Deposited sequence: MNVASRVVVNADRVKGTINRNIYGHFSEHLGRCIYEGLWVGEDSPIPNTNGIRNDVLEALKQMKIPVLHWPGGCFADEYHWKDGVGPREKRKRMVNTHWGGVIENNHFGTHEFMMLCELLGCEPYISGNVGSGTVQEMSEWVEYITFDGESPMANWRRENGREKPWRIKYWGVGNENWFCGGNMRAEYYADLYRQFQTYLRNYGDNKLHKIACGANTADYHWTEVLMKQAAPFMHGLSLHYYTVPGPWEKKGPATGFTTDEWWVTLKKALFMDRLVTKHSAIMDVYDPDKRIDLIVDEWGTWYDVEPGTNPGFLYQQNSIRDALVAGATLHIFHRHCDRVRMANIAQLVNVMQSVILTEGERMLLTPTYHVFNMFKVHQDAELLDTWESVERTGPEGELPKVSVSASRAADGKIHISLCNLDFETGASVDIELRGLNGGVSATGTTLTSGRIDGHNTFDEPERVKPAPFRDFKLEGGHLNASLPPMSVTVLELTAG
C-alpha cells in the first residue's frame, strides 16, 4: 500500500503551461498530411490545415509549438517558404518531397488558429547572420523596409508577435558538428542582430547539451549566459541499442521495464544540468527548455525508416505521465517542454491516414493533464511502493496542482502493468470539506493502442475506485494506468 501526504496550502511553485509544448519538423508526414493538406484538399481544412486535428489540439490546450526545429532548422533558408506558393522553392529525391507550401505565413496562421505560441529555430549552421536577422524583421517589424513590405506583399498586413526564438538546433550533431566553445561565440554574434521591433519582445534560446554532455552546458553558461533567456536540452528514451531499438508494440516485459527506467533517467539529467546552471545562474533567470523528448522505436514494419512513423501504446502514455511529473519536480528551473513529434512521427499525439485520424494513448495524457498548465504546484512527499524486476522502479508517480479556479487536481501513474496500486493520501491545509471526481486512462494490453480500425481501444474512462473519508483518500489504481482527480471544496 503506497502512501502520500499533501500540504494544499504550501505552493511549491507554478507549472509553466509551455511545459505541455509540442514539436513539428518538415519530416515524414508531420507537416504534410499531418497538418498541411492544402486549401483544396478533400480533407476538411481551414485555410489548408485539417480540421479534425485542429479541433483536437484546441481541445488539448496546446500552449506552444516548435518549428521547424530539429535538423531541418539548420538547413531551412526561410525565404524558400514565403512569396507566391507557386514560386516557392521545390526539392525532391526518391530514396521525399518538399514544396515549401508550408512556410512562414502558414505556420503563423496555424499558431493563431490553435491559439498557441510560436517557437522558431533560425538557421545557424548553413545560414547567415543577416539571414536570421531579416527573418525577425520580416515577421515583427511594424515600419517600412524591404522585408516588412515583402511580408505585406505576401498578404500579411500588420507584423506578427513572437517570443521564443531558438538560435539553431542540435549544433553538436546535424546542425554543424560544432564544439561547444565555438557555438557559444556564434550564438553571441547571431543573437546580437535580432531586434525587438515595435514592442515585440524576443525570448532568445541557445542550443544546449545532448543527453549527458554536461561540458556543453558548462561552457554555454560561462560564455553566453548573459545573452540568452533560455537553453535547450535533448533526451530520447530508446529501449534497445541504437541499431536495434525495439518495436512500439509486441514487445517483451523486459522491454516494458527498460523503456520506463530509461525515461526516468531524465530526472538525473535535468538535476545535474540544473546544478550547472544554478552555479552560473544563482537567480535562475535563464529558462531550461527541453525541446526534444519522447520515446523512439524502430518504425512500423514496412514504413520508410526516415518517415519515423511509429505507433503509440499504453507504454508511451505512462512514459509521458512521469515525464511531466518530472518537469513538475523541476518547474523552478524548467519552463517549456516539447514532445517529439506532434503528428505521424515518433511518439506522436495524433496519427493520420488520409482524412482518418486517431488520438494516441499519449494524446489522452496531454488532454487529461492539461489542468496542470499554469496551475500552482503543491508540497507533497510519499512512501511509494516498489515495483519491477528488482524493486527497480517506484510503483506510483504522483503530482498535485491547484488551478486558478481553486479546484485541485491529482495525477497518478501505476507503473506495474501486472497489478493495481494501493494508494492512500492524507490531505492538509483545508478550510471547507471536499468532493472529488476521477478519470483513468488504462489498457487491458501492455501494448494496447488505437488503430484507424479501432480508434477507441484506449481512452479516458471516468474512474470511481476510491473512497474519500474527509481526510484520507484511499484508492486502488488499475494496472498500467494514468489517472487524474479533480476536487472542489464545500
What residue ranges of the deposited sequence are absent from the coordinates? 1-3, 99-101
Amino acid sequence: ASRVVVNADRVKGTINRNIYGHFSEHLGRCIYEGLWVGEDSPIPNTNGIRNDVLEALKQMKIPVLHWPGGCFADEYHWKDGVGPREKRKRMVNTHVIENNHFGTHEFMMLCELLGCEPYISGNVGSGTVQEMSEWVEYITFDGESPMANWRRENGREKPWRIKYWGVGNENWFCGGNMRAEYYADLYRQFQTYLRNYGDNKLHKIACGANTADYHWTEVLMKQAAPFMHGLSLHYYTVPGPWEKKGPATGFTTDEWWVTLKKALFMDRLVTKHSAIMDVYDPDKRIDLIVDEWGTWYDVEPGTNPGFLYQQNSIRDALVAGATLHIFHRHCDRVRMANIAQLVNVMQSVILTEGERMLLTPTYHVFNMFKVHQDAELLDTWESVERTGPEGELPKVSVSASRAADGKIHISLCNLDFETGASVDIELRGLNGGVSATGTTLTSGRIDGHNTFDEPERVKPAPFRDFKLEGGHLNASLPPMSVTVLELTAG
From here on, numbers count along this sequence of modelled residues.
Tell me which of 224-232 and 149-157 has the higher mean C-alpha B-factor in the deposited entry. 149-157
Mean CA B-factor: is it higher for 285-293 or for 167-175? 285-293
Just the C-alpha B-factor column, please: which of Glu112, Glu144, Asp267, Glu181 has the biggest number? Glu144
Highest recorded Cα temperature factor - choice among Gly38, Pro68, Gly34, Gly444: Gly34
Split the chain's modelled residues into thirds by Cα B-factor; is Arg428 in the lowest, middle or highest one? lowest
In terms of the CA temperature factor given in the entry, to which third of its chain does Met480 belong: lowest, middle or highest? middle
Is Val6 in the lowest, middle or highest third of its chain when residues are ranked by C-alpha B-factor? lowest
Ranked C-alpha temperature factor of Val365 among modelled chain residues, by third: lowest
Compared with the other modelled residues in the chain, in which third is the CA B-factor of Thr249? middle
